[PDB]
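Only one chain is shown below, in C-alpha cells, and it's the form deposited in one PDB entry.
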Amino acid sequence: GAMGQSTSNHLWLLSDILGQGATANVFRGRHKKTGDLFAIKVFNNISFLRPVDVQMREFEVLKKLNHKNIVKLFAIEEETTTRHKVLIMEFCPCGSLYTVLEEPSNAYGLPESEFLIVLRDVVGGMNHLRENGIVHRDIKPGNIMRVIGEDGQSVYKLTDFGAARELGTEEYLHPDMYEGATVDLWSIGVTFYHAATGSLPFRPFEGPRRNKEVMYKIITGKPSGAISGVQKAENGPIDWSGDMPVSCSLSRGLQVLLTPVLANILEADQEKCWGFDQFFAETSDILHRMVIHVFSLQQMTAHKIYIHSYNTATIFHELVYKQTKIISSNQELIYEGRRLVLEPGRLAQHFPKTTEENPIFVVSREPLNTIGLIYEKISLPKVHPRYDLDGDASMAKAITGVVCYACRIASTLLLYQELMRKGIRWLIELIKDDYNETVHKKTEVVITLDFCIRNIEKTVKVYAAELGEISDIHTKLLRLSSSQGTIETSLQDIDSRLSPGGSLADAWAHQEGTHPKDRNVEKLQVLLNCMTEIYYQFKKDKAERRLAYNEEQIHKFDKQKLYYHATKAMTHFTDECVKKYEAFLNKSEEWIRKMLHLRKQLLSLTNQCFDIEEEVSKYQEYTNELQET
C-alpha cells in the first residue's frame, strides 16, 4: 500500500514493475474506466532529449503500426503531475523469451515445437520491421515478449526498436559494433543459438566481466562457419564447433537445416554474411516443411524428416537415407500393422498421418548396427556450504536443469522401447504373412506336380522308345517331388520358429526394459517439482537481498534438501531407467540378427518354389500335347 503514478485514463503502482531500461521503465498498470491491464512505459530522465514536434510523429508512427509479432502501442499520454511522456503498451503477462529460458526445463534448449514458434514469430516480426525500414539491432531474449494465443500456443512479439536515431545487447553485439543489416542478423543468430542450446555461443572462462577482453579475441577469429567457441580454462585455448552440442533437444532433421543458417549469420566478414531476404528465404524454407516421423528398427532411432508438401517419395527416401544410411531401394516401410508401399512420384500431401508415437517404421535387408539414443551424460554440479543468495539461486537453476535433462532423456528412452515393441510385433505379423503366401505358392506347385505325374502315370498305364521318353519325365518329376517335399518340411520349421516360444518370439522385450506402468518419468517429475519449488523460492530470496534469521536457516535447509532430491533423481535415472534400457538394446541386437537370418532363408525357399513352378511348365506340355492326325 504505497504511492504509484497515474495519468488521466490510467493508473499504476511503482511496486509493480515489469522491466527496467535505460531510457524508460515499464509498469503493470490498469485503465481507470475499464480496469483492463496495460503495459505503461514511463520515460526516465527526459528533458534535454525530448522533442514536442519530432517525437510526436515518431510515436504517431508506432501507434497505427499493427501486427501479430509486434507489441501494440495504443496511445501516448502525459503523467498527471510530472507531465512525463507515457506510452500505453499492450501487456504481456507471460513475460519474455528470457523468462522462458530462465526455466530449468529449458536449461539445455527449448523444445522443438517451441523453438520453431520462436523462429517463426521472430522472423515474421523482424521482416515486418524491414518492410517499414526500421532497424532494431538490439534483438535480445529480454525484448522478445511472449503471450499465450487463443490456440494455446505461444506467440512472440518484438518490442523496443528505433532508438538508434534520437538517442545491441552486450553478448549479442556484432564484433564491429562491439568495437548495415548485418548487426541485426548477429543478435538474431546469438538469440537463436541461445534458444536452441540454452547457452550463449561464445563464452570466456571468467565471463562477461572486466575479463571480457577475451570475448573479443574469441569473436575476432571467425574461423570457418563455426557457430560457437568456448574456453574451458582461465585465459586459455578456445574450443570451436560448427555443430550443435549433444545436450540439444532438437531433431537431427532440424539441426541439419538450422546449422547452416546460424553459420552464415554469425561472422565478422561482410563477404560471407547473409541479407534479410536470403535469411528470410532460408528460414521460411525451413518453416514451410511438414514433418514425417520415422523409426528405424535396425538402429533403434527416431527421426524427424523435414519435407515440403509437394515433394515426392523419391526425395523422401533420399532424406531417410541421409539420416539412417539405408539405401533407397532397401527401405521397407511399415505402418499400423501392415507394410506400406509408396509410388516413386507420390506427393507428400497424401502421406499417412504421423506422430512420434505412431511413425512409419523402417526395416532393412542389409544388416545394421543398433545405435539407440545418443545423449550427453550430464552430472550434478558441486554444491557449496556457502550462504550466498545469488550463488544458491544460480546453483538451484543449474542443478534442476540437469535433472530436467535427465527426465527428458528418460521420457525418450521409454518412447524408443515402446516403439521398438510395436515395430517387432508388426514385423513378426508381416513375416507370418510372407510365410503364408509362400505356402500358397507351394500348394499350387505341388498340385501342378501331383497332376503332371498322375497324368503321365496314367499314360503308361493305358493304351521300346516311348517307355524311354516317359521314363526321363518319371525321373525328372520324381526329383522335383522330393525337393518340393524337403522345402515343404523346412518351411514347417520356419513355422515352428514363428510359433509362440519359437525362439523368435517377442516375449523378451516386454521383460528386458522399462514400461509406462513403471511410472519412472512421473517419479522424476515429483522430485523435479520439489526442486523447482525450492528453486523459485531461492529466486525470491535473492530478490530481497537479505533474509531474517528464520528464513536464513530455512534457506540453508532447503539447499541441502535440493541436493538430496537431485542425487535421488540421478541415481534413479541411471540405475532404473538407463540400465533397463541398455539391456533392452542388447537383447534387441540378437533378435534382429535372428530375424534377418530367418527372412533370408524364407526368401531362398520362396525362390525355390518359383523355380520348381517354372520348371513344371516345361513338362506339363511335354507329352500330353503329343501330335497326330
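Quick note: we count residues from 1 along the sequence shown, nothing fancier. Whichever C-alpha set is largest while still superposing within 1.5 Å between the two forms counts as the rigid core.
We do not show the form deposited in another entry, though everything after this point is about it.
Quick one: with the rigid core lined up, which of 545, 384, 517, 210 moves its CA 2 Å or more between the shown form and the other one? Per the superposition, the moving residue is 210.
Could you tell me whether the Cα atom of residue 24 shifts by at least 2 Å between the shown form and the other one after core superposition? Passes the 2 Å threshold, so yes.
Closer or farther: the C-alpha atoms of residue 397 and residue 210 in the other form, versus the form shown, with a change of 3 angstroms or more? Pair moves closer in the other form.
Work out the direction of the Cα-Cα change for residue 210 and residue 395 in the other form: closer or farther than in this form? It's 3 angstroms or more. Relative to this form, closer in the other form.
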